[PDB]
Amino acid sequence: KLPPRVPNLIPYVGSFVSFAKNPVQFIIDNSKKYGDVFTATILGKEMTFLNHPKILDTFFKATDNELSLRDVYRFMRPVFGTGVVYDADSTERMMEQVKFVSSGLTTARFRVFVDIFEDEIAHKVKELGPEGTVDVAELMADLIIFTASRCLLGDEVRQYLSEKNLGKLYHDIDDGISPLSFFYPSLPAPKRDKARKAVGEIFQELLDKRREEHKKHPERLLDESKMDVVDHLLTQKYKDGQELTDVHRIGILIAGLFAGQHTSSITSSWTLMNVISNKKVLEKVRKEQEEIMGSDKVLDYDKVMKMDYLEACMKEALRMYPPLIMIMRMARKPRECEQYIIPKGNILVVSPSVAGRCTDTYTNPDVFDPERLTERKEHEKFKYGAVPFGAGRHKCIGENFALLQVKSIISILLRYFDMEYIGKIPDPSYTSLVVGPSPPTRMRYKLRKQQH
């Protein structure tokens, strides 16, 4: 009836230790010991892991009073704000908040986003000079921070950003949300709260200034390719006619940037590293760039939509190194899985890291090989063989923007620079909420066209 258990080391703490050591290695080991479904006690919580592509229907198809996101991720409240996202008054209200973000991620906006990528990267190359070495992860994090800001918030953020360490403030927020806050939501984190407050006042300022700009220049609000997420948030109410508060607006913005800061920057690092460490892969990538760019000197949205191989590379970095290593739901109702019934109160857990290495779906899963997808279609086997962006009702609404931003960044960097990585491809580091490459991650670079 109930699934098999992992025996607890001691009571209460249960399997925390080996889980904490390497949450991914933990799930593979015990999936062998106990099958496709098993439960473990981890710092007081019943956690049921579903580890086979074939059984993921139970997870992804449910509704939000069968399987709740809000019962598990509410602990993000200090970062996102009161009444926002998983602390929204209702599921329905959370969905509306999400649609405000997605409403600023239209085709029309995507055309302008590509220009933004070119601009930020052009400022960045001045700063890098014609040759050098650089930390890849830091570089990606900066480029993604400055470009997502401008994409979601409008260009008028940009001086504030340079001139008030927004990069740093996000580092301090991000460097005060431990995975252990899942288990103890009260773990005080005073630097985090300090940062968050600070970012809030800045976004307050920006919202006030945008209101004066909408006084004078309302024609802007008719133009599709000028409407950023800040604009949608000032001019839209909820479906039932209730107005949004500035606290909600700020919280949604912060969540929006947070979403696609770290995941997109990590994914661009893994992608770029594997691409330049493999001659074959880099040949095909460069070949594609050259076909698509022809005689044009800059990128645009149609060009990036043609980069199928670069995309496959990105997808392959997401199979091998997904930055959200675990996805979770709370059972508000007992729930059927295979021959078992997972009871109310259990947390269901699926891991895209475990899925990405399943020999049942992928041959030679430790090899970075974009051709497993483009040619062999290996992903297509099971319906849920590939879940880097999720599935069903809470699929990532940021996917197309992410793909757009990573592909653009890597394509532009390839255009400017020959690059070589230093050392072996690292392993993932399980020391934070969003999992990224273990430092050091460095690379040599050289400008492909010069003036000295």
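Note that residue numbering follows the sequence shown and begins at 1. Only the largest set of C-alpha atoms that superpose within 1.5 Å between the two forms is called the rigid core.
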Next item on the list: On a core superposition, give the stretch, 176-184 or 117-125, with the larger average C-alpha separation from this form in 4 other deposited structures of this protein (RMS over structures and residues).
Entry: 176-184
Notebook entry, point to check: Once the rigid core is matched, which of the two stretches, 232-240 or 262-270, lies farther off on average in 4 other deposited structures of this protein by C-alpha?
Noted result: 232-240
Check: Per the entry, where is the mean C-alpha temperature factor higher: 48-56 or 392-400?
Finding: 48-56
Notebook entry, point to check: Given the B-factors recorded for C-alpha atoms, which segment has the greater mean, 143-151 or 337-345?
Noted result: 337-345
Note to self: In terms of recorded Cα temperature factor, pick the maximum from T271, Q97, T263, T363.
What the structure shows: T363
Checklist line | Residue, from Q159, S103, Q289, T107, that the PDB entry assigns the highest Cα B-factor | finding: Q159
Notebook entry, point to check: Comparing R372 with the other modelled residues of its chain, is its CA B-factor in the lowest, middle or highest third?
Noted result: middle
Checklist line | Chain-relative CA temperature factor third for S31 | finding: highest
Item checked: CA B-factor placement of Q204, once the chain's modelled residues are sorted into thirds -> middle
Next item on the list: Determine, from the deposited record, the chain-internal third of the Cα B-factor for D135: lowest, middle or highest.
Entry: lowest
Check: Which third of the chain holds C313 when residues are ordered by C-alpha B factor: lowest, middle or highest?
Finding: lowest
